[PDB]
Each structure stands twice: as structure tokens, then as C-alpha cells.
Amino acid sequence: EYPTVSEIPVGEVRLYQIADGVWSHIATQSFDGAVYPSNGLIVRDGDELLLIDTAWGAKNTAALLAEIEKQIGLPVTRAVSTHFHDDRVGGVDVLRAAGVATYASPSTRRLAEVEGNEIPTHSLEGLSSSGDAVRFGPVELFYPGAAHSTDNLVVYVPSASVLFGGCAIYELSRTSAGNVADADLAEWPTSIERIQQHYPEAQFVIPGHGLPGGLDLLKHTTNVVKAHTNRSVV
């Protein structure tokens, strides 16, 4: 029942209720002739909403805000970007123009600036060291260490046992490495194990792209990352 990439035209966004007060948002983009889905999160924060990640681009993110207003009807007051790539910060300006306070760690903000990407306004302190966690309203933000990117955060919703792994966690259907241009392959397995150790009670695990699963997505990602690490150049 989870929206798949073939059921969402580029430019459109779907919302999927994972648990009470927790949705994922699903959008798509074309890259090199293939179409990819991308997930973020929406978490109820009292009578407001906390958004995790843009919908991968300005047009998708405007659609995301319109869909949230249509389907949930609560204001998005804050957004957190979980790393510096365009599926996480692309659309920050749209959020900012709609009165959303945008947040990212200093490490994400510096990497976004280096890349020429959009830069969230606010800085999330207390996340610079692997294993650091901070509360952000109804979620905990956790920096597991470098993995898919040096700045990647994961987001845990304690009330719902939902772990948003972002692009550090692969869906099961991905059996070869995705974008690793900014990754720390050497540290990625260790960072995943930090997630396991910190959230062993997680019941829903949402990857940055593709179908949700459980904590099995973690060891699956480790297996894929190690296979890529050991690729043989002949």
C-alpha cells in the first residue's frame, strides 16, 4: 500500500500515514532517464507539524506544502534537513518563503554551502560528534557518524517507534550501492551499528528512497555497503 515510484508523476507528492501523527512524504525525480522516489517525514508537533526533509526540489516542495495543507491542515512550522543533498535541502527556499523555520546541523549547512545548494536558516547544535543525539520537539535527532554523507542525521519519533534513516539506510530492493560520492564507506557500517544500538526498539524504519521496513534494513544496508567497498577493479 506504500506509494511506489511508478504511481507518482514527477511534480506530485504523496503522503503516507505510518502511525498516529507520523507520515512519510514521497516525491519523485528523473535522473539520467530513470525515475527515483524519495522519502521524507512529517511529525505532528502539538497543533503544528515538523517536516523532515524537502520533497527533492522547489516544485515538488511546493506540491508537498499544498498536499500537507489539503490532507492534514496543520501549519508546517519547522523543517529539518537530514543531509546536504538536493533531496533534503532542495526546496528549502520554498519552505522559507512559506514561513517554515528551516534547520540543519552546522555540518550540513557547511556542506550545502560548499556544494552550492540551498542552506537551511537555523543551525542544530549538539550533533557534531558520532553518537550525539538532541531532542527536537516530537523527535530525537541522532548523528550516527559518517555514512552516506559525513553529515547524515537519522530521526526517531519516540511516540510512534518510527526511525527515519534517510539516505544512510537503503530499502531492501536496493542491492547495489547508490550515490556514494560523498560517503564514508569505511565508517558506514560502524555508523549503522550506532543506529542499531541507539534504537533497537524501532518498529518502522524509513529509508531515504523506497519502501519502509524494519530494523532489518540496517544490516541489509551494511551488506550492500560492504559489497561495494570490496568491489574488484580488474
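Throughout, we count residues from 1 along the sequence that is shown.
Higher mean CA temperature factor between 18-26 and 218-226: 18-26, per the PDB entry. Between 154-162 and 140-148, it is 154-162 that carries the larger average Cα temperature factor according to the deposited entry. Comparing the C-alpha B-factors of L74, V134, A79, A112 in the entry, the top value falls on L74.
Remark: of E48, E171, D182, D53, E48 shows the highest value [criterion: C-alpha B-factor in the PDB entry]. In the PDB entry, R194 places in the middle third of its chain by CA B-factor.
Residue-level temperature factors show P200 in the highest third of its chain, judged at the C-alpha atom.
Sorting the modelled residues of the chain by their CA temperature factor places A97 in the highest third. Among the modelled residues of the chain, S176 sits in the highest third by CA temperature factor in this PDB entry. Ranked by Cα temperature factor within the chain, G208 sits in the lowest third according to the deposited record.
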